[PDB]
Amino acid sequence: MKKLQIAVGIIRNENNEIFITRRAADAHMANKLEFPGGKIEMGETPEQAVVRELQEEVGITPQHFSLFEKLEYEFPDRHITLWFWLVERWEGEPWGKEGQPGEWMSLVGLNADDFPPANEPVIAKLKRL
């Protein structure tokens, strides 16, 4: 069974909205809502990975961010460690830089059922802020 380290960014604006993308229909966790992010590569740190992934996926450079949650999740065919970074300052304006759907979503309106099940405790903890 594959093992991966994944870094994702919770991109939160001043109006308590989060920038959320939707995964492709042929991806793992297909059609799910997601925090932008991706695999931490050999030779880069979790902090470097979340910067690079947000630059690639949505065209922003996160800065002065914090680790909101780190957790492990066993999917049916892979084990993933997820690093959830809270990103409240960034350079740029997030968009669907890889052609993927992305939009701002109110924190209070997030439905954990729309995301991979690994995100459940994070979405709950976010709504507690």
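Quick note: we count residues from 1 along the sequence shown, nothing fancier.
Participant: For the higher mean C-alpha B factor in the entry, choose 117 to 125 or 16 to 24.
Facilitator: It is 117 to 125.
Participant: Regarding 55 to 63 and 85 to 93, which shows the higher C-alpha temperature factor on average in the entry?
Facilitator: Comparing averages over the C-alpha atoms only gives 85 to 93.
Participant: Among 99, 36, 46, 76, where is the Cα B factor highest in this entry?
Facilitator: Of the options given, 99 has the highest CA B-factor in the PDB entry.
Participant: Would you please rank residue 80 by its C-alpha temperature factor against the other modelled residues of its chain and give the third it falls in: lowest, middle or highest?
Facilitator: Residue 80: CA B-factor falls in the highest third of its chain.
Participant: Within this chain, which third does the Cα B-factor at residue 30 fall in: lowest, middle or highest?
Facilitator: Within its chain, residue 30 is a highest-third residue by C-alpha B-factor, going by the deposited values.
Participant: Among all modelled residues of this chain, ranked by Cα B factor, put residue 40 in the bottom, middle or top third, i.e. lowest, middle or highest.
Facilitator: Middle third - that is where residue 40 ends up once the chain's C-alpha B-factors are sorted.
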